[PDB]
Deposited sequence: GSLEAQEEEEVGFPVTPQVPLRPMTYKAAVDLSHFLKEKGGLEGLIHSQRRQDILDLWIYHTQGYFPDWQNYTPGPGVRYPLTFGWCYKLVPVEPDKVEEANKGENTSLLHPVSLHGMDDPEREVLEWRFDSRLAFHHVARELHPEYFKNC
């Protein structure tokens, strides 16, 4: 599918789709796992795999892409959904440098 962009719209439609039809919720996090997810989406939906970044730790890793509603919570981490993320751009609040 046409190489498209990761807009806030996309980030939710997709963020949503992963909850209502999938076991990402809870699933322990690993770089390799993220990559197959990232590579998959990129092929399935078409978004270039470089948007799924989280804040640097320690603690909770808030997504850098507003709209994407999944943070990584406890360094063993899990894919924890959270919809106040679809409205609160936490990661920008904490790390304004990144934006």
Open item on the list: So, counting the deposited sequence from position 1, which segments are absent from the coordinates?
Closed with: 1-18, 93-123, 149-151
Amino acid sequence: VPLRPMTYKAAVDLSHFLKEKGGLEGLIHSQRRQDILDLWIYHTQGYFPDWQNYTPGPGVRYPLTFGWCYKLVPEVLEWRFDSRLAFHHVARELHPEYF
From here on, numbers count along this sequence of modelled residues.
Task: 62-70 versus 34-42 - greater average Cα B-factor per the deposited record - done: 34-42
Open item on the list: Highest mean C-alpha temperature factor of the two stretches 18-26 and 76-84, which is it?
Closed with: 18-26
